[PDB]
């Protein structure tokens, strides 16, 4: 695991099965960005599955707002979120960036470089990156 920001962690496939660190990190919600992959054995840890493959043609944007709202509520309740995908490089990086934009008032550049600074391999696929820019322009418009 990697702490991206206060109360926000990013991880790869095995992260949800590291039950003892999840309790150490105070993780209370795992966001599992996949269609086929196992939930955390972690007891007492809620898990939200966002069902998309790591492929540019899948619609992640449609899930961003309700997933970020779940994450923020978990943080505001005094817990922390772990966002993870198979590689810990695209899907989970995309959701982490979207979260930082929606609830920590960052731009894509500064949000993604927060993510990249915690997880160097971070690299949302180009379709997700386009959807992240569209997500930002939606956040601009509502302002």
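Residue numbers count along the first chain shown, from 1.
**Q** Higher average CA B factor in the deposited record is what I'm after, so tell me if that's 3-11 or 133-141.
**A** Comparing averages over the C-alpha atoms only gives 133-141.
**Q** Which is higher in the entry, the mean Cα B factor of 55-63 or that of 101-109?
**A** If you average the C-alpha B-factors of 101-109 and of 55-63, the larger mean comes out for 55-63.
**Q** Pick out which of 92, 37, 117, 28 has the highest C-alpha B-factor in the PDB entry.
**A** The listed residue with the largest C-alpha B-factor is 37.
**Q** Ranking every modelled residue in this chain by its Cα temperature factor as given in the entry, which third contains residue 45?
**A** Answer is middle: the recorded C-alpha B-factor places it there.
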